[PDB]
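> Can you read through this structure? Questions will come right after.
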Amino acid sequence: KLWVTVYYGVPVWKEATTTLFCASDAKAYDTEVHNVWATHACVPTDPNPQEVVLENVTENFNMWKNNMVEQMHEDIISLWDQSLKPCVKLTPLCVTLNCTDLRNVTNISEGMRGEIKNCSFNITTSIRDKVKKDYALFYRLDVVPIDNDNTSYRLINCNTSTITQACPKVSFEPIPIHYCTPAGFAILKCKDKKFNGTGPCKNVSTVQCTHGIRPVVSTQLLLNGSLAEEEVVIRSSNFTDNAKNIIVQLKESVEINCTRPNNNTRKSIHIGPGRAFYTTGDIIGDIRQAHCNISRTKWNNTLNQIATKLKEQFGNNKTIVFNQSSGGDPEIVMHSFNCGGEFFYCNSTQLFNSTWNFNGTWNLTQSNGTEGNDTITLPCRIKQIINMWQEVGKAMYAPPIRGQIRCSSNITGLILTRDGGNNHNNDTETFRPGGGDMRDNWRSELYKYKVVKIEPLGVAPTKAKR
Amino acid sequence: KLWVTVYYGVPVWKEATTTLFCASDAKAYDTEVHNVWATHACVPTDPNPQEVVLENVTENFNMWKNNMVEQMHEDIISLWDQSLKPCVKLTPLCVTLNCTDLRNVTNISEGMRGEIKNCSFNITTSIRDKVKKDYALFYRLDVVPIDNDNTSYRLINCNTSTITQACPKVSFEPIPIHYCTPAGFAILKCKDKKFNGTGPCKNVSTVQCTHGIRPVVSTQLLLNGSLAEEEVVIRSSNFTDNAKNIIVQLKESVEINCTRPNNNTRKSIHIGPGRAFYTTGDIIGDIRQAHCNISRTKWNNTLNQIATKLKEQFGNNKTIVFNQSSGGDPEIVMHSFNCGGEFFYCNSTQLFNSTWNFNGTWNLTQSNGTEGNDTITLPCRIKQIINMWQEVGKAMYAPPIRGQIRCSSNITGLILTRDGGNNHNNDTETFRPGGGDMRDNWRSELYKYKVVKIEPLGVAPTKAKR
Amino acid sequence: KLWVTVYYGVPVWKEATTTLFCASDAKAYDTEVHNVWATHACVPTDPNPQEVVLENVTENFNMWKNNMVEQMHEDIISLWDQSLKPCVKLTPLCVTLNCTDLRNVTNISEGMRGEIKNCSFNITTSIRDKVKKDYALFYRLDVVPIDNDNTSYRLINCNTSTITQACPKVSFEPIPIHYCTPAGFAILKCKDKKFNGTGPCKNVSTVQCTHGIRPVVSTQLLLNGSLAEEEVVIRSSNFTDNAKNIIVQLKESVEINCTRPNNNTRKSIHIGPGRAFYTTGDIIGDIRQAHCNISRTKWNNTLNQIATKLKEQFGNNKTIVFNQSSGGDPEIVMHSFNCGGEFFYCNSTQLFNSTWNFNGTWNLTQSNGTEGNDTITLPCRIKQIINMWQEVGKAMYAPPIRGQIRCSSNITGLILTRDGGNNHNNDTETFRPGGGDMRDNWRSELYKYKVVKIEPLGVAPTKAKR
Amino acid sequence: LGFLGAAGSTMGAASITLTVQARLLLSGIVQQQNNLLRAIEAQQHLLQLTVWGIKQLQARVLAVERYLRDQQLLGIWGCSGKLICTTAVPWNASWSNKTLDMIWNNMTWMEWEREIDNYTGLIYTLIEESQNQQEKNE
Amino acid sequence: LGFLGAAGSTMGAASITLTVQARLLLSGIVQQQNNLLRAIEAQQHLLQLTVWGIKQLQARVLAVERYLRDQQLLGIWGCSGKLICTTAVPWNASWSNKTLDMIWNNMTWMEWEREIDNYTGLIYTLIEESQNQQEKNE
Amino acid sequence: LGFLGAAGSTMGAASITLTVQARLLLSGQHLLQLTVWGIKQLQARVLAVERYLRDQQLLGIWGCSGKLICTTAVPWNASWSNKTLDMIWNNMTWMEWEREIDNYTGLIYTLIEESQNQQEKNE
Ligand SMILES: *[C@@H]1O[C@H](CO)[C@@H](O[C@@H]2O[C@H](CO)[C@@H](O[C@@H]3O[C@H](CO)[C@@H](O)[C@H](O[C@H]4O[C@H](CO)[C@@H](O)[C@H](O)[C@@H]4O[C@H]4O[C@H](CO)[C@@H](O)[C@H](O)[C@@H]4O)[C@@H]3O)[C@H](O)[C@H]2NC(C)=O)[C@H](O)[C@H]1NC(C)=O
Ligand SMILES: *[C@@H]1O[C@H](CO)[C@@H](O[C@@H]2O[C@H](CO)[C@@H](O[C@@H]3O[C@H](CO)[C@@H](O)[C@H](O)[C@@H]3O)[C@H](O)[C@H]2NC(C)=O)[C@H](O)[C@H]1NC(C)=O
Ligand SMILES: *[C@@H]1O[C@H](CO)[C@@H](O[C@@H]2O[C@H](CO)[C@@H](O[C@@H]3O[C@H](CO)[C@@H](O)[C@H](O)[C@@H]3O)[C@H](O)[C@H]2NC(C)=O)[C@H](O)[C@H]1NC(C)=O
Ligand SMILES: COc1ccnc2[nH]cc(C(=O)C(=O)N3CCN(C(=O)c4ccccc4)C[C@H]3C)c12
Ligand SMILES: *[C@@H]1O[C@H](CO)[C@@H](O[C@@H]2O[C@H](CO)[C@@H](O)[C@H](O)[C@H]2NC(C)=O)[C@H](O)[C@H]1NC(C)=O
Ligand SMILES: *[C@@H]1O[C@H](CO)[C@@H](O[C@@H]2O[C@H](CO)[C@@H](O)[C@H](O)[C@H]2NC(C)=O)[C@H](O)[C@H]1NC(C)=O
Ligand SMILES: *[C@@H]1O[C@H](CO)[C@@H](O)[C@H](O)[C@H]1NC(C)=O
């Protein structure tokens, strides 16, 4: 016969939900200037990560019902909300605008672009009685013609919602963040080389904190993200359901060199007591449109790796099409992202123009001597006013940045969307660029982790009497 | 000789104060009525309430200095304030109004009521140079004549303070709430059939959570409340102090059938980016004034019941008088309450017109065959703008409700006010309807409960040496 | 041989930092009047202070890097911000003003002072449609000549900084506050008769809480403050450095009698829905400048008391000089303080014009033949608009106070600044009134206290085996 | 569940049987209900600084404070064990000159615990000193 | 640090001289981490309330609540001593008609407890009764 | 006598009065609205709790589990400012004992808990 015996601290957990906090070690905290929203809050990261490897475990994972995704989704949203809340309100600047073409019709170097507009307008000063007729510069993407008049114009989202400009001191440069659980919980990491996103996992490890994510939001192509191993891996909730999105993770980084070749002046006008709207003073030199530099050979090779895996997914006998984006709002239709606090919108038509033949590929572009037409130049433009992706209202103006701007980053993943139709016997599966969701960018990064609560008390029948 | 011996968990409580939390079952959450001024914040109520009978205790109670009254008072105050705080601000609409008759002079069915006013006015929208001459509808109770010309009007509360309309999605239907103490405390319930409100109590029962209150605030009357047993009961701090109020608890429910016989249209006009004022579009059909249906004999017999208890209170040889209230602000002067998100103001005269003699009563009207002039019809009217009862600021506007409105509820209690004067030898004690206090409605509910802290540790000499 | 033995609850503490809370006593809560400062938030102070004297202790102190001085300053700033945050906003009243001399030219009793200005202006009323030309009385300090000419005026801060008037119901009368630590910490008090601010201390005591501070912000002077016992003590961060401020504590109180001999009317004008600007109605009777009354021989006794201690600091053979600050901000240049919610600015030039000599000093004023020219009378003036001392923004307005204002307070300490120059062989050390710092006022109050964490766990070898 | 129903019954009669049986029904059931409520609340989440979230947060903070305080009190004087604990302190008859039979089979807890509301502080401090003497011996 | 690697190991083999030492090492490590967190935060005073400040405070409150739950249970049924603890209730073999050696050499803690959850109610209630029993035997 | 009264006295006398300090650090205006000092007090009390439970945890994890006094099995290393007994008991204070046992105190703590695990392994 037996009497139960208890053991506190047995290896038992249970799939659960809880709250998490961040960690920004100390490199961001060292500067102590232009503090980013995340820097002045996160607890210093523990210098030595602990990753205990688990054996003889086949825990099931499913990233499409991962609680930590939604939680961190509303986290980032609320953080931006409070981070921008206290600074300037831009509601009084919504008036009629009297605009000219650019600085002058005198153009050398592209011609009539229309991207400056030299708009003039009557405004009220800090003193209630005093009023002044002032002028400012605006891009085509930041102004709508109104009253059927060549001179008349207004901001885009006046008749819709409100605007509050970004608050100038704070930087928009992301930093790594480590989610760490409170005691009594742990995070499980699926370490397998290949994982489709749902199912049992062989290589399982236990950690107390995630690796730095460095939160970046982009449309069409992931940036400064993580890399796959030995191949490109695709994840979908239901491949047969073409309505859902496709997640692509690449096995090599791709260097992207974007720049804004324009010398800028930050002219500051007051509209109130503390209200100091910041606009562009002028441009020194020619107006060269912002663009991104990309290698041709590398792009082909990586996109061909995608082609093979995508073929493998939906049966060998297929022909692949990469049509451009159907339409809609600017973010999803045309590649957009952030760089040095300036939001770039790049026309990636030439990026997706490919029709792999069931019988024409498997030969990469191995051009050794190139020294020439090898850079893919992207026509990129600027929008200063950006609204909430999901919320109809809640807009934000971007203050201009003085001087020259240039980033260079690491393309690590793509967002794809299959469109059905006449592809059954044609076998012409068409994939278009996607985006517009805040959760997917991070779904691409949190699939490997899942949280479990730790229940240490355990019972075992044993013949020992007290 | 003895040595003290200690016990942990002796039955010892003590008069105390603490914080409490709510428990709204699951039913409102099972309906997703979108956070009706207190839904998702409450913990699920325990399935099985525990009401341990107390024996051989004569615990004293006094409801007039029960603190939880005040605590839940301020709870309700802040809870309502935080619900209406994030939605629409309604200052800019305060202008001059140009108003007609009702909608039209074509009246069949009551004549010149004046309750629609088809008021027109110039206003400023989101874009602040396109003045819009718009119209809407308002009741005679909602609008004051400023400039006694003919068609010059303003919203009553523009001299006083500010207005913010109720936020349309949230409903107003109250739901039961259970106050529950944290551990280490308990609530004592006086279970006696008749209790005057202060003194020792014979039947005591300890629970941990109160029964659902379903917070309802009404004046001159108590609605969907609790019932007494075997008799009407009557409570007052100092009966001789005629200045204090009188709370009356009834032993039967009384059915009341109130309705708003008008088909309504919710016309929505924007005054800003997110600012969308909601007004009445029009009325389909005749304009029948809102009213409440009440049985005669029930009312008469229950009024007889109260009178007998009242001539037990102040000596047998008395003559009873029920004059209408003296005057003052609309709430206490004439009856008012809420129904389906519309605040009704019913003219309370036919109710309190009674002079039950010292020698004419003691026969209830048990009229069998009635089938006729048996319904007490109440002239009821609408006010859309309601202010804070105690503070002078903080007023709200009530959005119109489309379609037909109709409630039917259970009258359970009364508030009365003794007026002194020439009643000494006349013996003509006069009582009028009261109200205007947020506490008393709930004083009528929380009289039986009182909170006590539990300190378990107790000492007692005993001859046992360690 | 030995085995370590653990002991919980031993006298080891450690230099540390933590958070503190205030105590206002039960009586402040009992008054329950307008929640002056933070009367309710403060916990009721303990009836019985506990001050365990510590012997055999030489603990070092240094007040210049005591963190609680910084903590107290930030706490006071946050409390003031919370108090003024919901107060009426005063941004619209900033217009041109059309001003006469004061009221009338019928002066008797000082002549052309200019302190009323009976300024008229054009301002919008609560209703946007109606605009009414109103007036208001303003002190000469409040309005600067603007647009030159003679009859155009505007408030000192408009483009530079917004203004929000003090909420009227709250009062500024300070009350004692007791900082109390949470458990696990203690405060050490240096009880020595004379302490120069840094070094070891003999007489020490551990206390549960600090004594009431009754925070007072004053310039060039200290009012309602702690008094040194049996000596006058002079403290400075660097005696060698002239720039470092010098703090002088006194051993006797000095009675000061300030008043505002004018009978005032609070005329209230609305500028919005809840916006009710409060201005002065008029003055009943003659207009007399505010005047503080001070005894001669007593102030002089304290001037000689300073002299002796000062020439004991910087070497015997010196000649002492008292000069007023030649250039300063209006608060910094002359004396200012608060009284009954009215900020007085007095001309303390007759308190700082003394040239103490090396010979003939040490003889006090024993004038028995007084009853006469024995009162130093201070020319004092009024400013209603006061701005953050440090931040260039956030200015407040003082509402006028009806009737007569009078104070009588307790002068206890000084702030002085040494100025270097031709004083080496001249030996003419010159000292000037100081101020303008929020910390220094409370640096004197918290000099004797310092906080230490308490770590109970200690380990010590002992030969006992388990 | 398992609340105090022995208050009416004389201190002694409750102490002999009811206090022992109720002890666990008072220590475990109350804590288990609190644990279940916390677990459902944590899984539900929606814990924002709203009018209600702050209230229940303070509620559970108070609960843990009161429980921990009792454990510290029992632990400091040697009741690191359970309900029943003797002591070395002799009960001074000057505090209360009453026979055990009257104290146990005539008088209850509430009435008696109020009667010592002057001697109680003296009693506890003496318990601490006796505990120190036991520490010296061992 | 010190997280148990016995999650894949067979409950019985892991329990005997393979997991007991690690369990206490894990507790010591979590205690050290908590101490490091509470000291650095007190030195920085960066705990001012903000979204992240609320998120970390709640997490700390949850952690202490949970640990106190575990210790509370552990004490209230008589195991105030160490992780391993016996008890008096005979194990009704009906719950799982299975033999000891096979279970110890083949079954692991996670899969073990998930098919015991039905009878865990019964065993814990029997335990509290055994506590009552021995306390009214003493 | 007193919260820090023992300080001046030698460690041995401090041990006799060490229970008055053990009663301090108890860590216990019931409503806590988000106003000013109210929340300051809430944060302060929340800290104090961790302080106690940290010290409590160490005690239980060590071979002590029981307050005010607990003895061990690790021999005291000469290297750890060894003196005599009359020196370390009748001559010097807890406050300034920490001064020389400070880098050693951490070494001693690691020693005690390793031995405590080792004795559990032997049992
Ligand atoms: C605060 O207290 C101080 C201390 O009492 C007051 O200032 C003191 O003022 C006295 C003078 O009233 C002064 O004593 C003089 O000291 C000088 C150097 O030590 C001496 O030179 C002087 O002798 C005479 O000559 C001076 C001119 O050189 C004259 O100014 C002075 O009045 C003396 O005059 C002599 O002759 C006349 C006519 O015959 C006769 O009436 C006089 O009595 C005298 O015989 C004095 O000895 C102190 O040195 C001063 N002390 C300080 C510290 O300054 C000060 O006024 C008080 N302030 C207030 C507001 O009350
Ligand atoms: C509601 O209940 C009351 C209580 O019965 C009813 O009141 C009254 O009933 C009596 C008996 O019918 C009436 O008395 C009459 O007295 C006069 C003079 O004494 C005389 O004509 C007869 O003796 C007659 O019985 C009495 O008038 C009547 N009211 C009074 C003043 O007490 C009452 O009718 C009920 N109904 C309603 C709807 O009010
Ligand atoms: C300060 O300036 C204000 C103006 O802002 C003066 O107020 C105005 O004073 C005049 C003269 O008394 C008032 O007119 C008078 O009205 C009465 C009543 O109808 C009438 O009988 C007189 O014949 C005369 O017309 C005027 O109403 C008043 N306006 C306001 C808004 O108060 C004020 O007198 C000045 N005070 C001083 C001391 O200079
Ligand atoms: C008018 O409201 C407000 C407007 C602005 N700021 C506010 N701050 C608190 C408010 C109230 O809570 C309040 O004053 N109210 C009165 C009592 N009330 C009722 O339900 C009720 C109304 C009429 C008759 C009987 C009961 C709830 C609410 C409407 C408040
Ligand atoms: C309350 O008091 C009554 C009256 O003494 C108790 O009823 C008696 O209790 C005793 C012992 O408790 C029994 O021996 C009697 O048989 C009971 N009956 C009578 C005569 O009333 C009652 O039990 C007490 N309640 C408690 C538990 O406090
Ligand atoms: C502080 O230390 C001094 C010095 O040891 C103590 O004074 C001695 O106290 C003992 C007993 O109380 C006397 O026998 C000695 O004559 C005292 N003087 C000496 C040794 O010079 C003092 O008691 C200590 N006080 C505290 C509070 O610790
Ligand atoms: C346990 O006993 C039951 C009796 O019905 C039997 O069916 C079951 O097989 C037994 N378990 C084993 C594995 O022997």
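Going from the start of the chain as shown, residues are counted 1 onward.
If you're wondering, the header gives electron microscopy, 4.0 Å.
The backbone N, Cα and C atoms fix where each Cβ goes, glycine too.
Per Swiss-Prot, the features are:
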DISULFID  E:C79-E:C85  disulfide bond
CARBOHYD  E:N92  N-linked glycosylation site
CARBOHYD  E:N97  N-linked glycosylation site
CARBOHYD  E:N106  N-linked glycosylation site
CARBOHYD  E:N118  N-linked glycosylation site
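Let's see these features in context: how buried, what's close, how far.
Cβ neighbour count for E:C85 (disulfide bond): 16 (other Cβ atoms within 10 Å of its Cβ, all protein chains included).
Listed in sequence order, the residues of the same chain lying 6 or more apart from E:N92 (N-linked glycosylation site) and placing their CB within less than 8 Å of its CB are E:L122. For the recorded site, E:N92 (N-linked glycosylation site), the DSSP three-state label reads coil.
The Cβ neighbour count for E:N97 (N-linked glycosylation site), using a 10 Å radius and every protein chain shown, is 6.
Here the Cβ of E:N106 (N-linked glycosylation site) has 12 other Cβ atoms within 10 Å, regardless of which shown protein chain they belong to.
Annotation for E:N118 (N-linked glycosylation site): no same-chain Cβ neighbours under 8 Å separated by at least 6 residues are found.
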> Where E:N106 (N-linked glycosylation site) and E:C85 (disulfide bond) are concerned, what is their Cα separation in Å, rounded?
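On Cα coordinates alone, these residues lie 23 Å apart.
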> Please classify the secondary structure at E:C85 (disulfide bond) using three-state DSSP.
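SS state of E:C85 (disulfide bond) = strand.
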> How many other Cβ atoms sit within 10 Å of the Cβ of E:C79 (disulfide bond)?
19
> Taking ligand 4 as the reference and 6 angstroms as the Cβ limit (strictly under), which recorded positions among E:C79, E:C85, E:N92, E:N97, E:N106, E:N118 are close?
none
> Cα of E:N97 (N-linked glycosylation site) to Cα of E:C85 (disulfide bond): how many Å, rounded?
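Spelling it out, the Cα of E:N97 (N-linked glycosylation site) and the Cα of E:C85 (disulfide bond) are 23 Å apart.
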> In terms of Cβ proximity below 8 Å, which recorded positions out of E:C79, E:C85, E:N92, E:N97, E:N106 neighbour chain A?
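Only E:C79, E:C85 pass the 8 Å Cβ test.
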> According to DSSP, does E:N97 (N-linked glycosylation site) sit in a helix, a strand, or coil?
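It is coil.
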> Got a sec? Which of E:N97, E:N106, E:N118, the glycosylation sites, have CB under 6 Å of any ligand 7 atom?
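List returned for ligand 7: E:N97.
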> Determine, from DSSP, whether E:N118 (N-linked glycosylation site) sits in helix, strand or coil.
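Helix, per DSSP.
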